[PDB]
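> First piece of the complex, coordinates kept as in the full assembly:
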Amino acid sequence: XXXXXXXXXXXXXXXXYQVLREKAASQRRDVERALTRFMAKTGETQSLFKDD
Amino acid sequence: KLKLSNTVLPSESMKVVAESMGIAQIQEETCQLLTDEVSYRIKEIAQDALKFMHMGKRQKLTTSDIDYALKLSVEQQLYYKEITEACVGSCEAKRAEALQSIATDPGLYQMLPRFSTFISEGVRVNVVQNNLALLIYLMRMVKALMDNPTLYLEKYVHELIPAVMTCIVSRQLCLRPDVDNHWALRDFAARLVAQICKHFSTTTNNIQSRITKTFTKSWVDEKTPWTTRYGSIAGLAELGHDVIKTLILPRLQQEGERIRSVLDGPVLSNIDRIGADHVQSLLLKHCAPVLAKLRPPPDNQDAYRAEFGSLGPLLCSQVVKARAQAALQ
């Protein structure tokens, strides 16, 4: 079969349930902290310590 | 466009009204012609009363008018919103802070497809609009996309590469003067090109071949404006060492004669004049070191003879400068 016949490649299952929703929720946390850092250094800023 | 049929009352009901007085047995066509004639008189008196009240100047007909006529999620697009708005607005600290944001993002993707799509179509817009500030904004945006050590940029690169290289095109359609150097600043963008290909010629090997054929068809021909030739030379320049050694060396002298024809003849295409001038700047102050490696550093005037005069001896002078820069360590 290694020369004559052929096959088909789908190649991406990735269906690991808890791992999937870990990916999604971790990404949501990322976008949270990203926009936080952005408007953090963007707008009027007051701190918790001095100069953070 | 309009059809005014005769509004004819049904003759059987007219025979009912007639035989209420008890006349006779009546045929149909008599009552039909009676309804016709009475309808003509009604519509004529109606035309008369409409002429009255369009000289009485009201669009309504009262009883008295005809009586006188009887005198006969969320945060995805939130983040997207403010980072695009900072990408467009010139708040310069917020500009640079957005750039360091994108550069320092753990796990910013899935915004990446919309991101790049915006980059592509805003590039097309500002090609039509010729706003260099937005162009360097988008190029810094691409630079920031490049500098994530998380962003597997791979699958989307096919949108960036037009959006890159079209910025190395446009048909000289800005204002002239300073934009030339801004064309040089677009060569900054050309730096990005090499900073693409080092990470992305990993293909079933496609990318470098593609871009270099593109620059080749750019570089060779005539009917080629100075934007095109200049930026193509810039992209090959950013591709580096043996690109220049193999590819720019051959028709070096012929395009030098093209500039020599731009030299010494007419005057008032100063777009084209200063264009070819900082073309010469690109050629000399990027193409010196490969000859400094190859051609041994005697014989400056002969190197001018070996490389069509004009680059020499500033070729050899810059070669002396480059040998000094090498020996400076």
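Here it is on my side, so go on. Residues are numbered from 1 along each chain as shown, chains lettered A, B, ... in the order given.
> Which residue, neighbours along the chain excluded, lies closest to the residue in chain A that chain B sits nearest to?
Closest approach between chain A and chain B, counting by Cβ to the nearest Cβ: residue A:30, at 3.7 Å. (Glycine included, C-beta is placed from N, CA and C.) With sequence-adjacent residues excluded and distances taken as Cβ to Cβ, 6 or more residues apart in numbering or on different chains, residue A:30 is closest to residue B:107, at 3.7 Å.
> ok now do the one you found, which residues does it touch?
A:26, A:27, A:30, A:31, B:150 (Cβ atoms under 8 Å, 6 or more residues apart in numbering or on different chains).
> And residue B:109, by the same measure?
So residue B:109 contacts A:27, B:150, B:151, B:152 (Cβ under 8 Å, 6+ apart).
> want to try JSON lines for the residues you listed, with distance to residue B:137, neighbour count and secondary structure as columns?
Shown next, in JSON lines, are those (distance: Cβ to Cβ, whole Å; neighbours: other Cβ atoms under 10 Å in any protein chain shown; DSSP: H, G, I helix; E, B strand; the rest coil):
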{"residue": "A:27", "distance to residue B:137": "26", "neighbour count": "17", "secondary structure": "helix"}
{"residue": "B:150", "distance to residue B:137": "23", "neighbour count": "11", "secondary structure": "coil"}
{"residue": "B:151", "distance to residue B:137": "19", "neighbour count": "17", "secondary structure": "coil"}
{"residue": "B:152", "distance to residue B:137": "24", "neighbour count": "9", "secondary structure": "coil"}
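> Relative to residue B:313, which of the residues you listed is nearest.
Set against residue B:313, the nearest of those by Cβ to Cβ is residue B:151 (46.8 Å).
> Test my guess that that closest one contacts residue B:145.
Yes. Using Cβ atoms under 8 Å, residue B:151 makes contact with residue B:145 at a distance of 6.3 Å.
> The residue of chain A closest to chain B: neighbouring residues, count only.
Counted with other Cβ atoms under 10 Å in any protein chain shown, residues neighbouring residue A:30 total 17.
> give me phi/psi at it?
phi -60, psi -50 (degrees, to the nearest 10).
> just to revisit the earlier point, tell me the secondary structure for the residue nearest to residue A:30?
coil (DSSP: H, G, I helix; E, B strand; the rest coil).
> again with residue B:205
Residue B:205 ends up coil, using three-state DSSP.
> how many neighbours does it have?
9.
> Repeat that for the one 3 residues further on.
Applying other Cβ under 10 Å, we find 17 other residues in the vicinity of residue B:208.
> ok, now the one 3 residues further on?
When counting by other Cβ under 10 Å, one arrives at 21 neighbours for residue B:211.
> Next up, the contacts around the residue of chain A closest to chain B.
B:105, B:106, B:107, B:108.
> Is it possible to mark the buried ones in those?
B:105, B:107, B:108 (16 or more other Cβ atoms under 10 Å in any protein chain shown).
> now, which of those sits nearest chain A?
residue B:107 (3.7 Å).
> For residue A:29, give its distance to residue B:29.
92 Å (Cβ to Cβ, to the nearest Å).
> which of those two has more neighbours?
Counted by other Cβ under 10 Å, residue A:29 and residue B:29 do not tie: residue A:29 has more neighbours, with 12 against 9.
> which SS state does that one fall under?
Going by three-state DSSP: residue A:29 is helix.
> One more: the one 10 residues further on?
When classified by three-state DSSP, residue A:39 comes out as helix.
> Also, this goes in as chain C:
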Amino acid sequence: XXXXXXXXXXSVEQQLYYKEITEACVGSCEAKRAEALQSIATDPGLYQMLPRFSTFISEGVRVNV
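Following on from the chains above, chain C is added here:
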């Protein structure tokens, strides 16, 4: 508008053939070694289990350097 999922250059058959090639390159039995060597040197028209093959062959070269 989500595009159809991709398909590699390989077949499943010939990528498993490729896996046989690789683990015979590992191969302790020198019969399997020479079988691999002949299979390399005399599979013309293969051409498509080219570079990916050779590419992280070279990457394995670096890692084992």
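> Re-run the earlier check on the contacts of residue B:109 with chain C in the model.
Residue B:109 neighbours (Cβ under 8 Å, 6+ apart): A:27, B:150, B:151, B:152.
> ok, now with 7 Å
residue B:151 (Cβ atoms under 7 Å, 6 or more residues apart in numbering or on different chains).
> swap in residue B:326?
Contacts of residue B:326 by Cβ under 7 Å, 6+ apart: none found.
> swap in residue B:173?
Residue B:173 touches residue B:130, counting by Cβ under 7 Å, 6+ apart.
> any idea how far chain C is from it?
As judged by Cβ to the nearest Cβ, to the nearest Å, residue B:173 and chain C stand 32 Å apart.
> quick one: the longest helix seen in chain C near chain A?
Secondary structure of chain C per DSSP state H: the longest helix is helix C:12-26. Yes. Helix C:12-26 comes into contact with chain A (Cβ under 7 Å from any Cβ of the partner chain), by way of C:12, C:13, C:14, C:17.
> downstream neighbour of that helix in the secondary structure list?
helix C:30-41 (DSSP states H and E).
> so the spatially most central residue of chain B is in which element?
Nearest to the mean C-alpha position of chain B, counting by Cα atoms, centre = their mean, stands residue B:124 at 2.4 Å. Element membership for residue B:124, per DSSP H and E: helix B:112-129.
> Which among the residues of helix C:12-26 next to chain A count as buried?
Using 16+ other Cβ under 10 Å, the buried ones in the residues of helix C:12-26 next to chain A are C:14, C:17.
> ok, the residues of helix C:12-26 next to chain A vs residue B:14, which is closest?
Nearest member of those to residue B:14, counting by Cβ to Cβ, is residue C:12, at 91.1 Å.
> so what does the helix or strand harbouring residue B:197 touch, helix or strand wise?
Assigned by DSSP H and E, residue B:197 falls within helix B:179-200. Judged by 3 or more Cβ pairs under 7 Å, 6 or more residues apart in numbering or on different chains; DSSP states H and E, helix B:179-200 is in contact with helix B:132-146, helix B:157-165, helix B:207-220, helix B:226-239, helix B:270-294.
> for these, which one sits closest to chain C?
Going by Cβ to the nearest Cβ, the one of the helices and strands packed on helix B:179-200 nearest chain C is helix B:157-165, 12.3 Å.
> Okay, buried residues for that closest one please.
B:157, B:159, B:160, B:161, B:163, B:164, B:165.
> and those residues as a markdown table, adding distance to chain A?
Listed next are the buried residues of helix B:157-165 as a markdown table, based on distance: Cβ to the nearest Cβ, whole Å:
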| residue | distance to chain A |
| --- | --- |
| B:157 | 19 |
| B:159 | 21 |
| B:160 | 21 |
| B:161 | 24 |
| B:163 | 23 |
| B:164 | 25 |
| B:165 | 30 |
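> Closest to residue B:9 out of these?
When the buried residues of helix B:157-165 are compared against residue B:9 (criterion: Cβ to Cβ), the nearest one is residue B:159, at 74.7 Å.
> what residues are up against that closest one?
B:116, B:117, B:120.
> now it: how far from residue B:137?
In this view, residue B:159 and residue B:137 are 17 Å apart by Cβ to Cβ.
> again with residue B:46
72 Å.
> Looking at these two, which has the bigger crowd around it?
Shown here are residue B:46 and residue B:137; by other Cβ under 10 Å, residue B:137 has more neighbours (21 against 13).
> surely that one meets residue B:87?
Yes. Applying Cβ atoms under 7 Å, one finds residue B:137 in contact with residue B:87, separated by 5.9 Å.
> Narrow the contacts of residue B:159 to those that are buried.
Among the contacts of residue B:159, the ones that count as buried (16+ other Cβ under 10 Å) are B:116, B:120.
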